[PDB]
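Let's start with one chain on its own, the form deposited in one PDB entry, as structure tokens.
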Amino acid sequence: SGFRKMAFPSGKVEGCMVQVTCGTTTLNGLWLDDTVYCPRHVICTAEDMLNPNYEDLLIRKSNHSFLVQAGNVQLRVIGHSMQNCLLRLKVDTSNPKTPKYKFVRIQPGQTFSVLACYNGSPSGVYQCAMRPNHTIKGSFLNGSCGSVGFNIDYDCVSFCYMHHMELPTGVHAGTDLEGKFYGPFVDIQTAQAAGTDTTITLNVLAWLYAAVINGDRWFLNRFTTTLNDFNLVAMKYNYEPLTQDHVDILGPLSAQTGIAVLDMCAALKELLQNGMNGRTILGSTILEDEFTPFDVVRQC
């Protein structure tokens, strides 16, 4: 028993982390086979950051322009290319620690683990969610660029995120491993704003199921709702509408507790309309939305 936000074991990812230096900027890289991936803004001077022309900037760089270290060994860059907002650095050696892997694009509401790194060295691992506004509420300092987000299925590492930047609100933006940004964000040091965020309803419902499992039950009611009527209410409180797939996904938690999904929706509906008062669910007066149906199922 016990509910906690877990990260996948970071070991397979640790063996892929390298240091990447270009001019005065040092950040992290991901070393898979004979390729090293890193954010393309590694090449920018402070001045370039403000209005970069990346194709212009890259052609004004060579292989020798990039210092790559795996531990104390210096790797030789033998080819470079840009793939969207990532830089691909072909090196002289295949990483012998290269795990089985995939490049996936994570969906809003889904979770992953971040191995926060500085100077090519793993500092720590934490869990977080892709927000619907396409940001993450991560923990990052200057130098963390190149840090990756991932999940592990069996022995296969699914890399889904590479860190690029922090927004004025303190939230974080980056790309997948093909260098396509999550959300409308751009690798330019100009005013960018996260869109208005919404609550991950699927996860709130998972959390309410978890609350029932641990015997926190005051919020249940016997009102009826439809998916349509619930979604109409959800959207006026900035909660994500619930899909057909989402009802499917809560199926196991519905069977285990005997509480129909739409009935939990009826409970949540009432919570939105009336508030918590000062009442708590799992110790909290706010609804948690970064704990998935898969987290809850797994941990029961």
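Don't overthink the numbering: it's just position in the shown sequence, from 1.
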For the higher mean C-alpha B factor in the entry, choose 217 to 225 or 69 to 77. 69 to 77
On mean Cα temperature factor in this entry, is 274 to 282 or 11 to 19 the higher one? 274 to 282
Out of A194, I136, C117, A211, which residue has the highest Cα temperature factor in the PDB record? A194
Per the PDB entry, maximal CA B factor within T98, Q127, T199, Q110: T98
Sorting the chain's modelled residues by C-alpha B-factor and splitting them into thirds places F185 in the middle
Ranking the modelled residues of this chain by C-alpha B-factor as given in the entry, is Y239 in the lowest, middle or highest third? lowest
Select lowest, middle or highest to describe the third in which the CA B-factor of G174 falls within its chain in this entry. lowest
Going by the CA temperature factor in the PDB record, which third of the chain does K102 belong to: lowest, middle or highest? highest
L87, C-alpha B-factor rank within chain (lowest, middle or highest third): highest
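Not pictured, yet referred to below: the form deposited in another entry.
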Rigid part between the shown form and the other one, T243 matching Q192: no
